Each structure stands twice: as C-alpha cells, then as structure tokens.
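Structure provided below as structure tokens; questions to follow.
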Amino acid sequence: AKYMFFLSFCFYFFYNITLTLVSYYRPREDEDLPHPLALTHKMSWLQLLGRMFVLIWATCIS
Amino acid sequence: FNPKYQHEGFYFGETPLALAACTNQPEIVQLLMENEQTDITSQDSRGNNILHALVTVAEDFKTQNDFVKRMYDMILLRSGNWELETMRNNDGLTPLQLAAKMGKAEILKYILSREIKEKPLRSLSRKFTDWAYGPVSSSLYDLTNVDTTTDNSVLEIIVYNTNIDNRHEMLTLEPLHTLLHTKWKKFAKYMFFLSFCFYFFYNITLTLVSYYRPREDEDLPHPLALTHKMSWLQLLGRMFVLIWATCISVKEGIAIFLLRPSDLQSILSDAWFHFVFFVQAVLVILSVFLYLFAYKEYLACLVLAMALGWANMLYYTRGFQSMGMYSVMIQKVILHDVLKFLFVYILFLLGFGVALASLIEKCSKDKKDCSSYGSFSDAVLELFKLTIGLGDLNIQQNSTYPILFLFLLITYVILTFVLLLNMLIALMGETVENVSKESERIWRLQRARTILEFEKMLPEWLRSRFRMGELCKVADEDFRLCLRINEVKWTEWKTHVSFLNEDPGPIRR
Amino acid sequence: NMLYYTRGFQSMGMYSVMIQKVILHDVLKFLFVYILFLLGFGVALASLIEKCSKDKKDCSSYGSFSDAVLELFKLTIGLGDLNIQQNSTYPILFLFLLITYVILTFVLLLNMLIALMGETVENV
Amino acid sequence: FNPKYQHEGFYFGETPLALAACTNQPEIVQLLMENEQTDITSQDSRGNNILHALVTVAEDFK
Ligand code: NA
Ligand code: NA
C-alpha cells in the first residue's frame, strides 16, 4: 500500500499538469475557438494524447 | 548474532560464562567463578570476552534494572588484571572504545570512574582521590586511552561517528567534559579566532577588488592586474586571495576524503560546510579558466562565489557562547521547516495562480498588448509581489467580472498571510522549545567537530601539554599513566581513607 | 531616556524590563546575523546588473553598490518599489534571485526571534 | 584561603573550634563548648570569629 499510494499520486499529479498544459499551448490564436478537445482537423501528435488521458481520468475518478 | 534484531538477535558472547551475567543471574556467576576450569580470557567468533558482550547490551536506564553496571563490577573485582581489560577483538578496538562506538551511555559513565575503595586491587581503578582536607576533594581520572594522543581513542570515535542519537549527552561526562574544555581554553580558542581572522579578511578582499571602480572601459579589468599598471596594493590582493583560495581547497579536498556517511543522517554536522567550503573554493579558482579565453561567464559565475563566500561565513559563529546556539536553532530549521513551507506554499502558488491568469487573459489586458512582454508567468510574478509589500494594483478585464476577480485575489490572501505563515509560527511554538534546553548539548558537539580538527591540523611535537605526565596512580614500580585534576564539593562526608599526598592543594614546594 | 520613569508603575515597568533585557542581546543575535545576510546577498544582486545605463539616464544620477543595498532594505519594509532593469544577464531570473533573499528574514530569521521569545520571556 | 576555589579554597576561619561546626560535626562542638580554655572571641588573619566563616559557606539549600 506504499506502492499503491504512490501510483495514485503519480496518476493524479500528472493529471493536474495535463489539465494545465492544454490551457497553455498558446491555445487562442483566433477570436475564441480552441477547446483543447481537437479531435477534428489538425496535423500532428500529442494534441490527441491529452483528451484520451484527461477525459478518462476524469471519468473513472467520478 | 544476526543484525536487524527482529531476526532473533542474541549476541551474548556465545559462552556459558557470559549469559550467566547477561541474564541478571548473580548467584550463578559466583558459582562459575569458583571453578579452576573456568576461563574468562577465551574469546569468540567475534573475538570477545565476557566484558565486550556485557557492554553490547545495556541500551538504556529505563529498560534496565542497572545490573549490567553491577555485573561489570562483579566480573572484574572477583578476578582480573589489565590483560583481561586491554584485549582487542576482531575489530581493532578496546572494550572502552566499543562503549563509545556502539554508543552505550550508561555503562561508559561507570568505566571512567570505577572507584575502588578496597585495598588489594586499587590499581585497576580509573579514578583517585588525591587529598580531602574537608569537603573539597580533588578529582583525578586515569586518561590512558581517552585523549587523542594515540590512534583511535574514545574522543576521536565519539565525535567522528554517526548512527548514534546519544552523542550530545555523552560529552557531559567528566574525563571528556573538562578536558575538552581545557584543550579549547589554552590554544584552540586562539587557533579558532585566527581561522576566522584569516577568513573574514578573505571575504572583504574578495569584495574590495570588485569595487576599485574596476570597469573604466567596455569590460577589460579582471582584478588579476599583474601586468601593466603603476602602483602598489593592486598586487597584494591576488597573492592573498588566490593562495587563500588554493589552500582552502586542498584542505577541504582531503577533508572530504574521510567521510562515508556523506548525507544519510549527516544533516548539519558534516555535510553543509565541508561541501560548501569546497564549492566556494572551486568557483573562485574556476575564474582562472574563465580568464583563459575570456569566457562570457567570467563574472556571473564569479559573483555567485562571492555571496556564497559570505553565506558559509556563518560557520565561524559556532564558538561564541549563545551565538552558535542561534546558529543551530536555524540550521535545524532551514532544511525541514521551509520544506514544510515550500512543499505547501508552491502548491498554493501555482495552485491559485492558474485560476487568476486565465480569467483575465483574452485581449489587450494592460499597456498595449501587442509588443509588451506578459503571460501566465507574469501573473505568477505579480502574485509574489502581492505577498511582500510591493503590491502594485494595475489590473483590468475583457469579458469576466472585475471586482469579483479582485475579490478572488483575496482568496489567495487569506492563506499564507494569516494561515500558512502562522502555522509555521505555531510549529515553532513546540519545536524550538524542544531545541531550547537541548541546543546547549548539540552545539557542544559542533564545538567538538573543530577541536579534534585542529588536533589533526598540527603534527608538531605538541609543546602544549594538556596532561600531567608520569604522575603515579599506585604501585611500588608502576609510576605511569599521565593524569588529570578537577574539584568536587559537599555533603555525604566520610572518613577518607585512600589519599595520595599529605593534603596539599598545589604542588609541594 | 524618558523611558526610565516607567519603572514605578505596577506592570508598566515589568514591560520596561521585558524589553531592556531584550534590546541588548536579542537584536545582537539578529543584527550579527541580519547584516551577515544584508551585505551577504547584497553583493550578488548589485554586480549582476551593474554594467551600463541601468536606470534613469546613468550619466549623472547617483547610484552604486550602496544603492542596491538601500533598495534591499526598502524591499524588507513595505516601501517596495520595483523599477529594475538589465544589460547582459537574465532579468526575471535575477528577480527570482531577489526572492532568495526574501525567504530569509521574512519567514525565517524574523521568526526564529519569535521562537526565541517563546522560551526566554516566559523565563522572564 | 586563596580565591578561585579550584585553587583549593577552604577558608573555614583557621581555628579548631570553627571547622568543628563547618564540617557538620555536632557532638564535637558541644565537646569544645565545655572547656573553660575554649575561646570563641578570638579572631583570625582576616579577623573572623566562628560566626563569620560559618556565614561564608552555605551557598545553597540543595
Ligand atoms: Na508581519
Ligand atoms: Na508562542
């Protein structure tokens, strides 16, 4: 339970960072379109790794 | 005899004579001492006699009936000579050493006195009464393996040893206390002041050569200046500073080559000074490589050693009576009490900081937001200027609620101005009054860290004597084992039998 | 020295001795530490920014090493002006290096004196 | 009677009547008070009687 507690902190402190980081990928660039969802149009990776992480780790924690 | 005594752990010394005394069985010990076949001298797999393993279990005074002191007294006063007591086992040390190295507090009080009132075996005592002349007795401890005159004595092993939580009570004992008081008195007070005199004058000359208006150009002047200019005192600094950076690096560079407990349990006694003295000396002599091809960090790296040359200047406070007591009431605090602050204050710094930044960050926030620098990290830097009394207040809005946001700033104010600042105050209401009436003992250790260091620094013939040589204890032939003198006090009078001289105070004639 | 005639009122002079035992050897444990960090961190923060036209036309205006020392004590008390610039070193990193001086003598050396009075004055 | 009592220091008042009482020996004091030859008035090198030097050593209650 020392180990199972550390991973619960590891999965959660890494959760709060990815919440903060998707609000600061300079994510305005427009009037106000960008939700950090971004499953729709753009080119590259790592814009999709957050929402499969954050929405699920908000789902299971609820 | 397995360590981690949860794994059973009963090193009593593996002989039937030993656990007779180790199990507090007094009548069976006298039963064993009557047989001619009984040996005491015989050693162990570790090489131990009955005296070694009897030292290894006392642990306390509370969880002990004070019998281990008695069984030590029973085993020598029934039989034994100094060959039974000066035996070294597999590790090379006296059983007197082992009471210090294992850290037994209570038994080492008894080894140093061990007064013998009876007549036939008064030779093996470690304490004598010279003269009485009323209630003013004069103490005399034996001091044959105790002071640093031989290799690996008890005083060297009581200071340079970790893994003992009971060191600061140990040096209160009488052959250690007044002797270490004496050795600081006659020269180590003077040798400490000159180490501060040579070092506080060092930090000034570091600072002064940076402010002989030494720019006058684009940026040429290193304070080396051994090349062209006219007059004196531009050269007296570099022959001083570079040498007193050289010798202070070699001295600490070998003094770091002794310590295996580098940082585990080495909170403040050895880590934070012999490291920092070495790092400050490295960064000063690093400027020689910076003057080689004029690397652009020639000054910014140099000025870091300046303040950290004044930061480790705090070490020489240890040696003034209560000034070092203040120096240990901070040094026990500055590691693990701002740690309880900084691992909480940052957790609210970036905590509330993300909410206050994104609420106002949409548009031309403040002072023409087209070229002026400002971001998330700007509101973080404005947040700490809110804590300290800088407190500027130029603040605007785009599409959210302005004075409601200014009220949401107050949510951060109510923590860490009345709450997290002051739980640290409430933490010091209990911790420092535990350090007070106990800092007197643990700072005395930090004095002892220096005194034996000056002993190792001076390999002369030691004209400074610090003992009384060849004074007789008692024999008809043995007039040896150089000695010590202290004084004692009042009541429980008795008819003082064993004296040594015709009641003098000073020397006769 | 008008404070001397406080001795003679019942507990007012009791306050007058709980300061007079303190004002000699308890600011001494402060001032022989606070100055040792005042000039201590003060030499690092001055030379890092002192190369060029630092602030407000550096051709005739008075300002030197001792200016950054006087700005340092105005940082302790709530005066706290913040006009600050750079030439060739790291600006906001230097402003973060100012905070290194802040964490002492606002939460630490101010409050060890409080922890000193938690034991000394209840002895007085 | 040297100051700095580490240097032995036993100013009991240098008379045989004095250290009878200074050494907490009560029966020997009454033994000395019976003799007609016993003087109490006689002073010292410092000029002290039995009462002076008896004051000089109490130091405490503990
Ligand atoms: Na305050
Ligand atoms: Na308090």
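Numbering starts at 1 and runs along the chain as it is shown here.
So this one's electron microscopy, 4.5 Å, going by the header.
For all residues, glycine too, the Cβ spot is worked out from N, Cα and C.
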State, for B:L226 and B:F293, whether Swiss-Prot gives them the same topological domain name and hence the same side of the membrane.
yes
Ranges B:8-33, B:372-397, B:450-475: which does Swiss-Prot label intramembrane segment?
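Range annotated as intramembrane segment by Swiss-Prot: B:372-397.
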Apart from its near flanks, which chain residues at least 6 from the ends of the transmembrane segment (B:231-259) lie with a Cβ under 8 angstroms of it?
160, 198-199, 202, 205-206, 208-209, 212, 223-225, 266, 270, 274-275, 277-278, 281-282, 284-285, 453
Around the Cβ of B:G389 (Na(+) binding site), how many other Cβ atoms lie within 10 Å? Please give the count over every shown protein chain.
14
Give me the DSSP three-state residue breakdown of the topological domain 'Cytoplasmic' (B:260-270), ordered helix, strand, coil.
0 helix, 0 strand, 11 coil
Which residues of the same chain, at least 6 past either end of the transmembrane segment (B:182-211), have a Cβ under 8 Å from a Cβ in it?
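Residues packing against the transmembrane segment (B:182-211) from afar: 223, 237, 240-241, 244, 284, 303, 306, 309-310, 313, 316, 319, 447, 450-451, 454-455, 464, 466.
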With DSSP as the reference, give the number of residues of the repeat 'ANK 4' (B:12-42) in helix, strand and coil.
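Split by secondary structure, the repeat 'ANK 4' (B:12-42) comes out as 13 helix, 0 strand, 18 coil.
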Based on DSSP, name the secondary structure state of B:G389 (Na(+) binding site): helix, strand or coil.
coil
